[PDB]
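Tertiary structure, described
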Amino acid sequence: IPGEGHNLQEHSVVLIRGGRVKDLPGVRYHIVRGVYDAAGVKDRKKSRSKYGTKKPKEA
Amino acid sequence: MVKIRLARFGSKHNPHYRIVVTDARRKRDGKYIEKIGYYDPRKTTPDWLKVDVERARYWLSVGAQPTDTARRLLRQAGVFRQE
Amino acid sequence: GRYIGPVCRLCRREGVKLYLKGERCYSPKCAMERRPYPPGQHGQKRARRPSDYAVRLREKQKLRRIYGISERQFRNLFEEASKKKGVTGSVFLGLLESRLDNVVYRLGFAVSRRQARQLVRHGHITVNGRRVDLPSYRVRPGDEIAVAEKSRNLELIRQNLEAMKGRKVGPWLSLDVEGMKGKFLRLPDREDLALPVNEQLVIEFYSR
Amino acid sequence: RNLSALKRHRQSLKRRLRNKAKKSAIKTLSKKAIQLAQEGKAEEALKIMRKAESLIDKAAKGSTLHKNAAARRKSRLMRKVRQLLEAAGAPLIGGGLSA
Amino acid sequence: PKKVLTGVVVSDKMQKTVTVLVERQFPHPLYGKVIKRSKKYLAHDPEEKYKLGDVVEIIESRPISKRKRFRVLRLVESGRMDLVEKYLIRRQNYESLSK
Amino acid sequence: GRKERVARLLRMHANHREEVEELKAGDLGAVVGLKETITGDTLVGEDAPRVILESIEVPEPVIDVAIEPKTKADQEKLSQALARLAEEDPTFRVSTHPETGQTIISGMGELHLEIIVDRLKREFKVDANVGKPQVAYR
RNA sequence: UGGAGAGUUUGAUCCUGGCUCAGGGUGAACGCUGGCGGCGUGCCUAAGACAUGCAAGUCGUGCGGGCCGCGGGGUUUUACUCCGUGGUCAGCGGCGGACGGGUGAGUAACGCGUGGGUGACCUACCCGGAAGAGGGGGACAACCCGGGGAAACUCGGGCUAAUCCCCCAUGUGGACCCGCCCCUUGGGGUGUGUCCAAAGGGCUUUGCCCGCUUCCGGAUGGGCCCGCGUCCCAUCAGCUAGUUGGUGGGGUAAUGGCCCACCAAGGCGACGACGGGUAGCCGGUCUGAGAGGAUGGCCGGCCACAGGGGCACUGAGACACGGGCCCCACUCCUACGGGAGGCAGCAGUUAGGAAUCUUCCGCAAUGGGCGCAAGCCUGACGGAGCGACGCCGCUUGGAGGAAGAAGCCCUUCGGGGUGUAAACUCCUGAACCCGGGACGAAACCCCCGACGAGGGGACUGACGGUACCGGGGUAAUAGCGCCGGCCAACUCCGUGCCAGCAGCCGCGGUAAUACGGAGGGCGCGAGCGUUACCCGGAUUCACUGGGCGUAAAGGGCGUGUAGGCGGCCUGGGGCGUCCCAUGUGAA
Ligand SMILES: [Mg+2]
Ligand SMILES: [Mg+2]
Ligand SMILES: [Mg+2]
Ligand SMILES: [Mg+2]
Ligand SMILES: [Mg+2]
Ligand SMILES: [Mg+2]
Ligand SMILES: [Mg+2]
Ligand SMILES: [Mg+2]
Ligand SMILES: [Mg+2]
Ligand SMILES: [Mg+2]
Ligand SMILES: [Mg+2]
Ligand SMILES: [Mg+2]
Ligand SMILES: [Mg+2]
Ligand SMILES: [Mg+2]
Ligand SMILES: [Mg+2]
Ligand SMILES: [Mg+2]
Ligand SMILES: [Mg+2]
Ligand SMILES: [Mg+2]
Ligand SMILES: [Mg+2]
Ligand SMILES: [Mg+2]
Ligand SMILES: [Mg+2]
Ligand SMILES: [Mg+2]
Ligand SMILES: [Mg+2]
Ligand SMILES: [Mg+2]
Ligand SMILES: [Mg+2]
Ligand SMILES: [Mg+2]
Ligand SMILES: [Mg+2]
Ligand SMILES: [Mg+2]
Ligand SMILES: [Mg+2]
Ligand SMILES: [Mg+2]
Ligand SMILES: [Mg+2]
Ligand SMILES: [Mg+2]
Ligand SMILES: [Mg+2]
Ligand SMILES: [Mg+2]
Ligand SMILES: [Mg+2]
Ligand SMILES: [Mg+2]
Ligand SMILES: [Mg+2]
Ligand SMILES: [Mg+2]
Ligand SMILES: [Mg+2]
Ligand SMILES: [Mg+2]
Ligand SMILES: [Mg+2]
Ligand SMILES: [Mg+2]
Ligand SMILES: [Mg+2]
Ligand SMILES: [Mg+2]
Ligand SMILES: [Mg+2]
Ligand SMILES: [Mg+2]
Ligand SMILES: [Mg+2]
Ligand SMILES: [Mg+2]
Ligand SMILES: [Mg+2]
Ligand SMILES: [Mg+2]
Ligand SMILES: [Mg+2]
Ligand SMILES: [Mg+2]
Ligand SMILES: [Mg+2]
Ligand SMILES: [Mg+2]
Ligand SMILES: [Mg+2]
Ligand SMILES: [Mg+2]
Ligand SMILES: [Mg+2]
Ligand SMILES: [Mg+2]
Ligand SMILES: [Mg+2]
Ligand SMILES: [Mg+2]
Ligand SMILES: [Mg+2]
Ligand SMILES: [Mg+2]
Ligand SMILES: [Mg+2]
Ligand SMILES: [Mg+2]
Ligand SMILES: [Mg+2]
Ligand SMILES: [Mg+2]
Ligand SMILES: [Mg+2]
Ligand SMILES: [Mg+2]
Ligand SMILES: [Mg+2]
Ligand SMILES: [Mg+2]
Ligand SMILES: [Mg+2]
Ligand SMILES: [Mg+2]
Ligand SMILES: [Mg+2]
Ligand SMILES: [Mg+2]
Ligand SMILES: [Mg+2]
Ligand SMILES: [Mg+2]
Ligand SMILES: [Mg+2]
Ligand SMILES: [Mg+2]
Ligand SMILES: [Mg+2]
Ligand SMILES: [Mg+2]
Ligand SMILES: [Mg+2]
Ligand SMILES: [Mg+2]
Ligand SMILES: [Mg+2]
Ligand SMILES: [Zn+2]
């Protein structure tokens, strides 16, 4: 589960992406943030597209 | 029977036919017997219609039936004209 | 679209002096006179020895930023020259200089390349009598790039066409100031264009 | 809900019925002739063979048998009839065998 | 034209039929080395005049049976039992490749 | 904020179904197409002021029950159902207890959840048990 | 006209060697963002199941009727009922439903590709040629009545028409047996014997037009056969009874064990039979320096399939996608005794999936079926629609403009950066508004002429009031990835092996260019990234182009089968090889 903080529970629907995490054993995939039940990362600003967060408007 | 008809080519909003002899059963643009000439219904070129009266005639003598507009075009290239 | 943004900022990055502004770029201030260094919080800090890649990259950018062209049209133009018979080096430039917008500028009608683009683009230019508004139009030997009616009386045009009085057009061309007409005579060549670019390097960039 | 390819099926059956009845005849008489031919009965053998030949060719004119098929049967029939007969035969009132 | 091949007879155990073994060489599509391969054809011998050991010309023909699509064209030479010994050995050998 | 496709409009008659070519203001009918639109959503011409009409409402459920399939194999069959169901009735809701992993199905009344489950069996081919939700102690 | 490499085993080194990355590509999907246009292109998964409409039909110039229209006749806006015309509905008859379109299931196979063979063959309609179209009978629908029934529609009797069916005749000719001649796998000729042809329909009436019969020939389209080529596993090694061959039959258009009798025992296999796995094949496409590798969506060719399986009928052609029969699976209707169905056609539904559309317009064009023709039909096709899915093109402005506003960020507090960027001044004028408005359409047809040639005349546009043109005219969108090394681009703050990053090496332990933010920068731009897969880098299966003493790798040693390879000289042949010509190598 990429990004700082998530909203995933024992029943959330996720979109798997492929790509392993070097320091984690049976971990061969990454959950795609911003799809189905995985909210984008909150307050993210930089690499936005990789963390399913929409461009923030200057309000 | 065998025929002499227009096979479409060119492109969308750019009709460019090919006067060809094919069995009446091939699809409109499928394999054909022989190409005898070409035709461009929009005269984008002075040379917008060529025919090989020689061959055209040959095929006519052997049964090949010209479709109407195929007939129109051949007539115009002077195939039926016996002078 | 094209670049549409700070131009002079590029002249400092390429170290050289680009002419993406016309008139100003002659006055005492193409920024190459004031801040001849790279833009940014840095710029005037020690410059590390350029990597083999950084050399070709910067040289290739140098040439492309000179014509306004996108990296897509640039590379496409390039691959075509490669295919072409002859020293891709020269040929490339040749195709770049054949571009319609360019020719208009190389003709005078426009103070700079961007302006030429807008001229061509706004139907002000005319090739062989018929109007063309496609900057990428390839001009061929023998064509006549000129102006148009509603276009002639125009303010900016007279200005730009008056500055041409006396001024001579590159060997490969032949302006006709009082007629606002002009012919594309010959395809240019490596020597005809005094470009601050080593094309041999651009060739090498496109290998990897 | 229905197309009229049904007429075609109707055609189908009747025609089927038709030439079905013709093929029986052909097989029967043919068999009948060769049976007699082996039995030494030259005259009636040949007599029946002629009838068969007619019925075969008559089948050929339409969509029942057709062409070489009819051509073929006749040959097999004649080939068979003649051979069996020269078992002390001599062709009486030479039917349909030029000889 | 009708394909014509030359091989030696290696089998006359059949009636009016002989087994002709034809060889052929060719450049390896990848490693270019010329290699020799071989194929066995059942050739029609109606007069039963060809026997085991003959090198003969085989010619493409109207099917005589399933498998027999060639007819013996003519004798090239006779007695090449040497050429048969090989094939037979090559075959005999198989009895030593199982389990 | 979604582009929808109104493939065809249709009037519900006392016996058959008439397929009309259009429906003007002040008239009611049913449209075929639209895969996203739900109850309460506003539909405006593909250009017209992208306004958002009033209406909808939706009272909050009054009773909750925990539901679990008959076999772990029917899990997604059930979940997929509940979801589909919460889509037609904004008054019915599916939630997952944060602490105790069970799935809490909720509606407007005993009778309500009754036709739901029963609807799950007959119309969705999923058989599930229902019971009082577990309690998160301390 | 064509070849780039880097990081990572060590204290350091050279080699070996694997992992990893930079590139190109896609029917794509996912994330962010999103202005236009053109041309392409869009169920890759459930060959799952499908509501609904539409995808072949067409002929009264083949034939008899039914119901209606209009008119004139006994008499009526009481024509009903009674000639005669234009329609209509089925039926009979014909031609087409074997083309077109869909799909990739099955198939490693003469399936396909390539080149050949047929003395072993077929070909409706179309051309060319020859000769005919003379008599005589008959039935079944339609229809009326009767019976079964709720219905589908069924059953009985009874007439009845033809280009429907049948007999006879003429036999240019043709078929068959036989004898002969030629020729050579069953081809060409010839003689006696036997055997086989037919429709009349419409007009400006013997003169034309469309049809009918036989034969010869042409074209076109096919069947069957053959050489060579066509994936992985040998931890699949033996396979085989219609099996291999013969004789005689059956069968078909034709060869063949194809099918069947009888005889003989053969046939195949390490040059990989048999078995299992996977797969439609090709033109091509992607990648690559090339040689290779991978691939076969779109388009063109063959093939195969049409809910699964089997089978014939009709026919020039089918064992037939919208024909038929039976079995299986499944679904629908019902007055519960039997009725109905088959989207891998267009479009659409539902299911599955990460995912791919209008139940649109039109027959104006091109092509197809029928008709003498008018014309009818054609979800082939021509177009339009939605989707950055792809590529190409265009825009968000141009020229001036400060040692240089503010804000924000650094700051050795002097100042430096954003940056000519903005403001600001002019100029041009995407959009939009107004006027006009296509090409694609000349022929079928009609007129003089012979229905010929030739000349002449008229009708016809879905796309569209669109493209384009003239006129007037507003400045009027910008995003996304990256900034430790490969690798192009740095600072401050927050944080403190926490939170996180991560393709590899590895960053994070309180000055982190490696995390999160900010300023700044580099790369691209109507986009940018990500994931998955393919080729490249991988000389990393080394044919081009690697290796085995110690890095992986010489079999424990002989003997020897197949196989591979083989000295000097001269002749023959000329298979390999080389050369030229020619065919083929579709588009
Ligand atoms: Mg990865
Ligand atoms: Mg990052
Ligand atoms: Mg009919
Ligand atoms: Mg009997
Ligand atoms: Mg035989
Ligand atoms: Mg290391
Ligand atoms: Mg290495
Ligand atoms: Mg070590
Ligand atoms: Mg170390
Ligand atoms: Mg489309
Ligand atoms: Mg599919
Ligand atoms: Mg239709
Ligand atoms: Mg229709
Ligand atoms: Mg059909
Ligand atoms: Mg087809
Ligand atoms: Mg397949
Ligand atoms: Mg398959
Ligand atoms: Mg197999
Ligand atoms: Mg072959
Ligand atoms: Mg072939
Ligand atoms: Mg027919
Ligand atoms: Mg004729
Ligand atoms: Mg009646
Ligand atoms: Mg009766
Ligand atoms: Mg007839
Ligand atoms: Mg006669
Ligand atoms: Mg005669
Ligand atoms: Mg005679
Ligand atoms: Mg007769
Ligand atoms: Mg008669
Ligand atoms: Mg083979
Ligand atoms: Mg036989
Ligand atoms: Mg035979
Ligand atoms: Mg068999
Ligand atoms: Mg196998
Ligand atoms: Mg298998
Ligand atoms: Mg390579
Ligand atoms: Mg290939
Ligand atoms: Mg497809
Ligand atoms: Mg294809
Ligand atoms: Mg099947
Ligand atoms: Mg299906
Ligand atoms: Mg079936
Ligand atoms: Mg089937
Ligand atoms: Mg038949
Ligand atoms: Mg059919
Ligand atoms: Mg069938
Ligand atoms: Mg079939
Ligand atoms: Mg269908
Ligand atoms: Mg469909
Ligand atoms: Mg789904
Ligand atoms: Mg579409
Ligand atoms: Mg329509
Ligand atoms: Mg049409
Ligand atoms: Mg037509
Ligand atoms: Mg289309
Ligand atoms: Mg400016
Ligand atoms: Mg103005
Ligand atoms: Mg027009
Ligand atoms: Mg015209
Ligand atoms: Mg006349
Ligand atoms: Mg005329
Ligand atoms: Mg004329
Ligand atoms: Mg018409
Ligand atoms: Mg660097
Ligand atoms: Mg980084
Ligand atoms: Mg673009
Ligand atoms: Mg390699
Ligand atoms: Mg080697
Ligand atoms: Mg090595
Ligand atoms: Mg060791
Ligand atoms: Mg070792
Ligand atoms: Mg040793
Ligand atoms: Mg050992
Ligand atoms: Mg040896
Ligand atoms: Mg030697
Ligand atoms: Mg040797
Ligand atoms: Mg020699
Ligand atoms: Mg030779
Ligand atoms: Mg050649
Ligand atoms: Mg050659
Ligand atoms: Mg050649
Ligand atoms: Mg070609
Ligand atoms: Zn400048």
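Quick summary incoming for the structure in this document.

Definitions and limits used
Residues numbered from 1 in each chain as written, not as in the entry; some residues may be left out. Chains lettered and ligands numbered in written order. Part of a larger assembly, values for the part shown. Heavy atoms only, no water. Contact = heavy atoms within 4.5 Å. Near = heavy atom within 4 Å. Polar contact = N/O pair within 3.5 Å; in protein donor to acceptor, adjacent residues only side chain to side chain. Helix = DSSP H or I, 4+ residues; strand = E, 2+ residues; numbered from the N terminus. Nonpolar A, V, L, I, M, F, W, Y, C, P; charged D, E, K, R; others polar. Core = buried A, V, L, I, M, F, W, Y, C linked by side-chain atoms within 4.5 Å. Buried < 20%, exposed > 50% of the residue type's maximum accessible area, 1.4 Å probe, protein only. Domains from an automatic or database assignment. Pairing = 2+ DSSP bridges. Axes fitted to C-alpha atoms, helices over the stretch in contact; angles between N-to-C directions. 1 Å grid on protein atoms, 1.4 Å probe; cavity = no way out; pocket = protein on both sides within 12 Å on 5 of 7 lines; lining within 4 Å. Points joined across faces, edges and corners; volume = space filled by probe spheres on them. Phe/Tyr/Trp six-rings, centres within 6.5 Å; stacked < 30°, edge-to-face > 60°.

1. Notes on the arrangement of the chains
Structurally, chain A and chain C remain out of contact, their C-alpha atoms never closer than 20 Å. There is a clear gap between chain D and chain F: no contact, and 20 Å between their nearest C-alpha atoms.

2. Quick word on the protein's contact with RNA strand G
Every one of the 202 residues lining RNA strand G counts as a neighbour, but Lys-27 of chain B, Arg-9 of chain C together with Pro-63, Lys-66 and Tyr-94 of chain E are closest to it. Backbone atoms, meaning sugar and phosphate, form 79% of the atoms of RNA strand G found within 4 Å of the protein. Between RNA strand G and the protein, one listed contact pairs a phosphate oxygen with a side-chain N or O atom of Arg-2 of chain C at 2.8 Å. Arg-84 of chain F is positioned with one of its side-chain polar atoms (N or O) 2.4 Å from a phosphate oxygen of RNA strand G. Per element, the largest residue contribution to the surface near RNA strand G is 11 residues, and it comes from helix α1 (residues 6-38) of chain D. Residues belonging to the surface near RNA strand G are distributed by class as follows: 50 nonpolar, 55 polar and 97 charged.

3. Here's the deal with the nonpolar core
Counting 54 residues, the largest nonpolar core has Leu-63, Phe-92, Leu-96, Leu-100, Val-104 and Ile-145 of chain C as the members making the most contacts within it. Counting the residues that make up this core, at least three belong to each of domain 1 (7-96 + 194-207) and domain 2 (97-184) of chain C. In terms of nonpolar packing, the next biggest core, distinct from the first, is built from 15 residues, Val-21, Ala-56, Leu-73 and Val-79 of chain B among them.

4. Here's the deal with the sheet that holds strand β1 (residues 2-8) of chain B
Residues and elements named next belong to chain B. Taken together, 5 strands build an open sheet; the order of strands is β4-β3-β2-β1-β5 and the sheet is mixed. Every other strand in the sheet has two partners, leaving β4 (49-51) and β5 (65-66) as the edge strands with one partner each. Bridge count between strand β2 (residues 17-23) and strand β3 (residues 34-39): 5 bridges; the pairing is antiparallel. Residue pairing across strands places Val-20 opposite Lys-35, the latter belonging to β3. Packed on one face of the sheet, helix α1 (residues 53-61) meets β1, β2, β3, β4 and β5 and runs near 125° to β3.

5. Structural notes on the environment of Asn-129 of chain F
Residues and elements named next belong to chain F. Examined against the element boundaries, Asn-129 turns out to sit in strand β7 (residues 128-131). Overall, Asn-129 belongs to the partly exposed group, its relative accessible area being 41%. When the C-alpha positions of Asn-129 and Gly-109 are compared, they lie 17 Å apart, and in sequence the two are 20 residues distant. Those residues in contact with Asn-129 that sit more than four places away from it in its chain are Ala-66, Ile-67, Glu-68, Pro-69 and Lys-70.

6. Quick word on the layout of surface pockets
All names here are of chain C. Roughly 980 Å³ of volume is contained in the largest pocket. As for the largest pocket, its lining consists of 31 residues, and the residues nearest its centre are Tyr-19, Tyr-26, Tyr-105, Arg-106 and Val-111. Those elements that place two or more of their residues in the lining of the largest pocket are α5 (100-107), α6 (113-121) and α8 (155-162). Per-class residue counts for the lining of the largest pocket are 18 nonpolar, 6 polar and 7 charged. Three or more residues apiece are contributed to the lining of the largest pocket by two domains, here domain 1 (7-96 + 194-207) and domain 2 (97-184).

7. Quick notes on the environment of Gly-40 of chain D
All names here are of chain D. By secondary structure assignment, the location of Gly-40 is in the loop between α1 and α2 (42-60). On the basis of relative accessible area, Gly-40 is assigned to the partly exposed category, the value being 35%. The spacing of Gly-40 and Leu-85 is 45 residues in sequence and 5.8 Å in space, taken between C-alpha atoms.

8. Notes on the pairing of strand β3 (residues 34-44) of chain E
Residue and element names in this part refer to chain E. Relative to β3, strand β2 (residues 17-27) runs antiparallel, the two being bridged by 11 bridges. When the sheet's bridge partners are listed, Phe-26 is paired in β3 with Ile-35. Note: β3 against strand β5 (residues 70-77), 2 bridges, orientation parallel. Within the sheet, the bridge partner assigned to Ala-43 lies in β5 and is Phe-70.

9. Let's talk about the sheet that holds β2 of chain E
Residue and element names in this part refer to chain E. Pairing within the closed barrel is mixed, and its 5 strands lie in the order β1-β2-β3-β5-β4. Each adjacent strand pair in this sheet contributes to an overall mean axis angle of 45°, direction not counted. The pairing of strand β1 (residues 4-14) with strand β4 (residues 55-60) spans 5 bridges and is classified as antiparallel. The partner of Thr-6 across the bridge, within β4, is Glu-57.

10. Some details on empty space enclosed by the protein
Residue and element names in this part refer to chain B. In the structure shown here, the tally under the stated rule is 1 cavity of 30 Å³ or more. Lining the largest cavity we find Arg-5, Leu-6, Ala-7, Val-20, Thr-22, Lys-27, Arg-28, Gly-30, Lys-31 and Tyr-32. It is β1 that contributes the most residues to the lining of the largest cavity, 3 residues altogether. Residue classes in the lining of the largest cavity are distributed as 4 nonpolar, 2 polar and 4 charged.

11. Points about the packing of aromatic side chains
Applying the stated rule across the entire model yields 10 aromatic pairs over all chains. Considering the side-chain rings of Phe-74 of chain C and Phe-92 of chain C, the 4.9 Å spacing of their centres and the 80° angle between planes classify their relative orientation as edge-to-face. Within this pair, whereas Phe-74 of chain C is found in helix α3 (residues 71-83), its partner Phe-92 of chain C is found in helix α4 (residues 88-98), the two being separated by 18 residues in sequence. Looking at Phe-92 of chain C, the relative accessible area reads 2%, which means it is buried. With centroids separated by 5.2 Å and ring planes inclined at 70°, the aromatic side chains of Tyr-41 of chain E and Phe-70 of chain E adopt a geometry described as edge-to-face. In this pair, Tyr-41 of chain E sits in strand β3 while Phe-70 of chain E sits in strand β5, placing the two residues 29 residues apart along the sequence. Of the residues examined, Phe-70 of chain E reaches a relative accessible area of 13% and is grouped as buried. Taken together through their ring pairs, the aromatic side chains of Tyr-53, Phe-74, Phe-78, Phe-92, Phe-205 and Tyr-206 of chain C make up a single cluster.

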